[PDB]
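Student: Part one of the assembly, not moved from where it sits:
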Amino acid sequence: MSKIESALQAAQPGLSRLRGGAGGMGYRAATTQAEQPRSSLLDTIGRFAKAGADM
């Protein structure tokens, strides 16, 4: 029925969040890296031509 109030008289443990000294987070990774499908396609065309269509 009654409630214990010492934990209220103090900082009741394990309630919401407790912090230490966490550091060095580093945020996140990256969304891949600049992709070059366009240039790869174009250079493939260039080599194909320079080999077979450039006798």
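Tutor: Good, I have the coordinates. Numbers count the residues shown, from 1 in each chain, chains lettered A, B, ... in the order given.

Student: Helices along chain A, start to end?
Tutor: Under the criterion DSSP state H, chain A contains helices at A:6-9, A:37-48.

Student: Residue A:31: neighbour count?
Tutor: Residue A:31 has 5 neighbouring residues, counting by other C-beta atoms under 10 Å. Just so you know, the C-beta spots here come from the backbone N, C-alpha and C atoms, and that holds for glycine as well.

Student: Now it. Its backbone dihedrals?
Tutor: phi -80, psi 90 (degrees, to the nearest 10).

Student: circling back to that earlier point, possible to save the helices of chain A as JSON lines with distance to residue A:28 and mean neighbour count?
Tutor: Below are these laid out as JSON lines (distance: least, C-beta to C-beta, whole Å; neighbours: other C-beta atoms under 10 Å):
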{"stretch": "helix A:6-9", "distance to residue A:28": "37", "mean neighbour count": "9"}
{"stretch": "helix A:37-48", "distance to residue A:28": "24", "mean neighbour count": "10"}
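
Student: how about those helices, which one is nearest residue A:24?
Tutor: helix A:6-9 (33.0 Å; C-beta to C-beta).

Student: ok now that closest one, how far from the chain's centre?
Tutor: 41 Å (C-alpha atoms, centre = their mean, to the nearest Å).

Student: What of stretch A:25-44?
Tutor: 15 Å.

Student: Pull it out as PDB, backbone CA atoms only.
Tutor: Output of stretch A:25-44 as PDB, limited to C-alpha atoms (Å, rounded to 0.1, in the frame of the first residue of the first chain):
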ATOM      1  CA  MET A  25      31.200   8.700 -31.300                       C
ATOM      2  CA  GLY A  26      32.200   9.200 -35.000                       C
ATOM      3  CA  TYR A  27      28.600   9.800 -36.100                       C
ATOM      4  CA  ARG A  28      27.800   7.500 -39.100                       C
ATOM      5  CA  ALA A  29      29.100   5.800 -42.200                       C
ATOM      6  CA  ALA A  30      28.700   7.300 -45.700                       C
ATOM      7  CA  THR A  31      26.100   6.600 -48.400                       C
ATOM      8  CA  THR A  32      28.400   4.600 -50.500                       C
ATOM      9  CA  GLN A  33      30.900   6.700 -52.600                       C
ATOM     10  CA  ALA A  34      30.500   8.800 -55.700                       C
ATOM     11  CA  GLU A  35      29.500   6.200 -58.200                       C
ATOM     12  CA  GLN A  36      30.800   6.300 -61.800                       C
ATOM     13  CA  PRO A  37      28.400   4.100 -63.800                       C
ATOM     14  CA  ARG A  38      28.200   6.800 -66.400                       C
ATOM     15  CA  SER A  39      31.900   7.100 -66.900                       C
ATOM     16  CA  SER A  40      32.400   3.300 -66.800                       C
ATOM     17  CA  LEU A  41      29.700   2.900 -69.500                       C
ATOM     18  CA  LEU A  42      31.300   5.600 -71.600                       C
ATOM     19  CA  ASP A  43      34.800   4.200 -71.300                       C
ATOM     20  CA  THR A  44      33.500   0.700 -72.200                       C
END
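
Student: tack on chain B:
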Amino acid sequence: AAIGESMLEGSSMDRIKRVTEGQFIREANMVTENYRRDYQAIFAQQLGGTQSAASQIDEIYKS
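Tutor: Putting chain B together with the chains above:
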């Protein structure tokens, strides 16, 4: 330390620390976001360079 020796406790005394902890969280969120903008700029520059190289290779091939 100060809110611990005050002898008041309550909701307002926790709102003091909650607001402070929030300021640090938002400030870190800005460091984490300024980085995202810089990475996006690098991404755009890399795509621009790749497209320029592609166009130059087309020009060379066209002779």
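
Student: and the neighbour count of residue A:31, now that chain B is part of it?
Tutor: 9 (other C-beta atoms under 10 Å in any protein chain shown).

Student: which ones are touching it?
Tutor: residue B:43 (C-beta atoms under 8 Å, 6 or more residues apart in numbering or on different chains).

Student: what kind of secondary structure is residue B:8 in?
Tutor: coil (DSSP: H, G, I helix; E, B strand; the rest coil).

Student: Against residue B:60, how distant is the residue in chain A that chain B sits nearest to?
Tutor: Nearest to chain B in chain A, going by C-beta to the nearest C-beta, is residue A:34, at a distance of 3.3 Å. Counting by C-beta to C-beta, to the nearest Å, the gap from residue A:34 to residue B:60 is 22 Å.

Student: so the residue of chain A closest to chain B touches residue B:40, yeah?
Tutor: No. Look at residue A:34 against residue B:40 with C-beta atoms under 8 Å: they stay out of range, at 10.8 Å.

Student: hang on, the earlier thing: number of nearby residues for the residue of chain A closest to chain B?
Tutor: 13.

Student: ok, and the closest non-adjacent residue to it?
Tutor: Distances taken as C-beta to C-beta, 6 or more residues apart in numbering or on different chains put residue B:46 closest to residue A:34, at 3.3 Å, once the chain neighbours are dropped.

Student: okay, the angle between the host helix or strand of that neighbour and helix A:37-48?
Tutor: Assigned by DSSP states H and E, residue B:46 belongs to helix B:12-62. Relative orientation of helix B:12-62 versus helix A:37-48 (axes from the mean of the first three to the mean of the last three C-alpha atoms, to 10 degrees): 20 degrees.

Student: Here is chain C, add it in:
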Amino acid sequence: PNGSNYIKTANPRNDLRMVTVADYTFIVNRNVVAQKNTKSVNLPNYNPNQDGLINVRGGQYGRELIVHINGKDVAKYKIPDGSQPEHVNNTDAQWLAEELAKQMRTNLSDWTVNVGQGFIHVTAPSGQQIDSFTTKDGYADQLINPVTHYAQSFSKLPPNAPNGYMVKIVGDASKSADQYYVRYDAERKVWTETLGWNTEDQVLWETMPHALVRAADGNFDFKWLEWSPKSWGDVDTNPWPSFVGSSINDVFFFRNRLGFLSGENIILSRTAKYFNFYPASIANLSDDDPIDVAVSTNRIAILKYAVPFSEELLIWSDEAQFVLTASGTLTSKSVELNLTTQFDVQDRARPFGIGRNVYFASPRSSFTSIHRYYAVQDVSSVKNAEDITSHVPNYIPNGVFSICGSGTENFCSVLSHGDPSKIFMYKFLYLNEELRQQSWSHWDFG
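Tutor: Next up, chain C placed on what we already have:
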């Protein structure tokens, strides 16, 4: 629950001291000596050479990557010149990490290595260990660097790592100022400072003071108190509380800090967390850190009593009397301790604080003599403890086991086991720090 061996001894009066806050009553046994829990350890027989990491920052064209493990160049990769667009995968961080791991597996079949988000993790079998772990990339270590459990600087830690990885900073390599451990957290992507490997924690949770808590139903429970374990650093950087070796003489609460008086050491808890006597983190001296100050003076002083106040904290020894005070907030750097008086204090005195005045008994050969010490705020005006029982030196037997009294009715009851049938009244009345009345008498109940 949790046994009852803490409350024992044939003389509980002279062996038990306790102070009660709302719904808790902390009990400390003067005879019991605190001990450290040897059974509890984070990593009992951790081997820092068991595994390592290979952080891959990126790939540069035309360079060569070499991984040197146990004297063998297990991995060797030559990034192409860079004329073909297909080399994008070859220079990619993850593709390069996968290629390096594949080469390592080819040159090390028994060893298990798995690819990470930005790293290669090497986990050698239990029988073997890593002796030499070096890598050459030809780009001033800007592409890949070897990461082990000992990283010089804080920034050397890789941005990402396995969840359970542990790394020690040892910043100076010749000083104990920058020695602490940090472990990665996969889900949060944050390196968290934590207790080091092969390090003890907790103080057995038994020899420490217990508590008598009122339960929800209205009854009472007796149990240990859940203390806080070491959160960082080894024993050399986070020394055990000074009470861990010796017994605790008294339990008190000053400025909202659960305090103990072990030997010559005054030990205080955190500003609010009464069950956490260790600092928060060794990164920057905090404000609410525990205070474990030791009184240093010509005579080794064994602290015996501590009656607290709103801003002062009297500390009494056999032939010394200090006052632990702090102008502003008790922050472990603004704490000031000053000796005030040097009157004798006997072992079995039972001080009782009626406002500023504190009444303590000084037993003699046959009949006790009560004493009164004023707690004037102005330390320059302190006077040695008086002897209120001067006109009646006798009239109190040698054994006193309670000096309880009231402050609203202006009296101080004294109980003695020499004549347990009598309660000794001491009615007084002070008008502007002026002794108006002194009455001594006893209430004989038969």
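
Student: Check the neighbour count of residue A:31 one more time with chain C there.
Tutor: By the criterion of other C-beta under 10 Å, residue A:31 has 9 neighbours.

Student: And the residue of chain A closest to chain C?
Tutor: residue A:21 (2.9 Å).

Student: show me what contacts that residue?
Tutor: Per C-beta under 8 Å, 6+ apart, neighbours of residue A:21: C:193, C:232, C:280-283.

Student: Now, the residues you listed that are in strands?
Tutor: Counting by DSSP state E, the part of these found in strands is residue C:193.

Student: And the contacts of residue A:21, which of them are buried?
Tutor: For the contacts of residue A:21, a burial check counting by 16 or more other C-beta atoms under 10 Å in any protein chain shown picks out C:193, C:232, C:280-282.

Student: Need the max-distance pair from these.
Tutor: C:193 and C:280 (9.6 Å).

Student: Spell out which residues are contacts of both of the two.
Tutor: Counting by C-beta under 8 Å, 6+ apart, the shared contacts of residue C:193 and residue C:280 are A:20-21, C:231.

Student: one step back: the contacts of residue A:21: which ones sit near chain A?
Tutor: Near chain A, judged by C-beta under 8 Å from any C-beta of the partner chain, the entries from the contacts of residue A:21 are C:193, C:232, C:280-283.

Student: In TSV: the contacts of residue A:21, plus distance to chain B.
Tutor: As requested, those are exported to TSV (distance: C-beta to the nearest C-beta, whole Å):
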residue	distance to chain B
C:193	17
C:232	19
C:280	11
C:281	15
C:282	18
C:283	14
